[PDB]
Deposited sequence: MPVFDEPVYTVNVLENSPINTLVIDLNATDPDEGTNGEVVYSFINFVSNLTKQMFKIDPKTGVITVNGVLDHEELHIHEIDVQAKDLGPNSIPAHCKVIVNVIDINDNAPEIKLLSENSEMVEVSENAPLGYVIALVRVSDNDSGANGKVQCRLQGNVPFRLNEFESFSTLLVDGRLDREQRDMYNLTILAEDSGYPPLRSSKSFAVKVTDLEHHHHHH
């Protein structure tokens, strides 16, 4: 036998259903030849794909997760039931294509994820905390954007790779003691997924 091509590359959606076709291989024609995997660069690759020993059809066999692994290399052979008979080999590269299956995570940089205080004497601009928003997806699906909600005497400041929670108002512990702030976040995949974190700011005099 001889595979039509030496190397094949196929795209497959992440989260593809079990039994999704990946590729139908061919190393003969008009059969007694036996298609099999002989190697699996990652050992994870072994649960993700099955192949029909008779037709050489590879199908999805477990849950394909882009965030777990992007790209699979499989080595396939074809061998006739034969007393003496050499195998044909090919490589099958499976690109697992990322979809937006991950909402944005919103992280506060403080020593606690709500316990977060300030002094009313802090001026216009005092960075009280740092927020980091992440998304495990790639590309647009993973580009995130966020925004403080309600209106309140703070504001977020937009940097590449992080945001800073400032004061934007005269504070005094007497007029307003606690606050409840909400951060809303949205990624740029389709459909856009979105996430939000509500967290407390307690004010002090010192």
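- Missing from the model, relative to the deposited sequence, are the ranges 1, 32-36, 213-219.
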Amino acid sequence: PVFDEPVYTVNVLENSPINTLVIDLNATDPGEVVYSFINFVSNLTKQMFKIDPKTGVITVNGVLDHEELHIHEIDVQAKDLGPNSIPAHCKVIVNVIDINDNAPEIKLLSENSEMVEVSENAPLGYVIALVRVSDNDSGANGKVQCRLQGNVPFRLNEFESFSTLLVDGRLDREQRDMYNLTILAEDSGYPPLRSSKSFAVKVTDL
From here on, numbers count along this sequence of modelled residues.
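- A summary of the deposited B-factors shows that, of 100-108 and 113-121, the stretch with the larger mean C-alpha value is 113-121.
- Here 80-88 and 123-131 are compared by their mean Cα B-factor, and 80-88 comes out higher.
- When the C-alpha B-factors of 142, 53, 62, 30 are ranked from the entry, the top spot goes to 30.
- The residue among 138, 45, 39, 163 whose C-alpha atom has the highest B-factor in the PDB entry is 39.
- For residue 181, the recorded CA B-factor ranks within the middle third of the chain. Only modelled residues enter the ranking.
- Residue 66: CA B factor in the lowest third of modelled residues in this chain (values from the PDB entry).
- Among the modelled residues of its chain, residue 58 has a C-alpha B-factor that falls in the lowest third according to the deposited record.
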